[PDB]
């Protein structure tokens, strides 16, 4: 009956793309170089915004046919995020990066558990809270993304549960997640009102098998076993600018 409340940080876009190798193959090397030069300029623009504290971004190569690349971008406004989107699509090389999936969310800190001492202070001025709402992206070797929702299915209805019961379920969920400290970092984007599921979940690790371990362990925790609804899963490997030229060289 008591709705969850959230603190909300950067707006987020997960932008998945497949490379149109057949078309790219037809460009002569000089034109490929010009397009990669322009992309490097765009990416340095991204880096400038990161270095003044106004957003974040990273790129991972995606395994399988769902995508070749994910561009994960965070900005302080939907206007800025959409401007990045348009600037990217207007790049010459974007004609060769075909959209296969996207997700819009906002970094979310819910109030199921406390993130700071109660008592009148502005949480947005708490620098530990800020480090979570406006997260620096760890350059971990692997990324995992998937959206999810909470079930509203007969006797398994998360949104009919009272606050104290949801708090208990989230608390137990967090005990598992905290046991992966130093092995898995999570960024939770809330997407109710913004996209097709209720959260977009990003995990970072140097060992992709930690994704399998934590997701499996949580699936036996009642919060997920009874109430999790999952979308598609995407797994990838860190892709640094220095590796893009190689990737786009046939």
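Positions refer to the first chain, counted from 1.
Figure legend: residue 88 is marked as modelled in all of the other comparable entries of the protein, none of which omit it, let alone a third. In the comparison with other entries of the same protein, residue 116 is left without coordinates in at least one third of those covering both sides of it. For the two regions 98-106 and 149-157, the entry's Cα B-factors average higher over 149-157. For the pair 113-121 and 163-171, the mean Cα B-factor is higher in 113-121. As recorded in the PDB entry, 54 shows the highest C-alpha B-factor of the residues 38, 196, 68, 54. Of the candidates 191, 28, 224, 61, it is 28 whose Cα B-factor is highest according to the PDB record.
Among all modelled residues in this chain, the alpha-carbon of residue 18 has a temperature factor (C-alpha) in the middle third. Sorting the modelled residues of the chain by their CA temperature factor places residue 180 in the highest third. Remark: residue 86 belongs to the highest third of its chain, ranked by C-alpha B-factor as recorded. Annotation for residue 142: C-alpha temperature factor in the lowest third relative to the rest of the modelled chain, per the entry.
When all modelled residues of the chain are sorted by CA temperature factor, residue 46 is found within the middle third.
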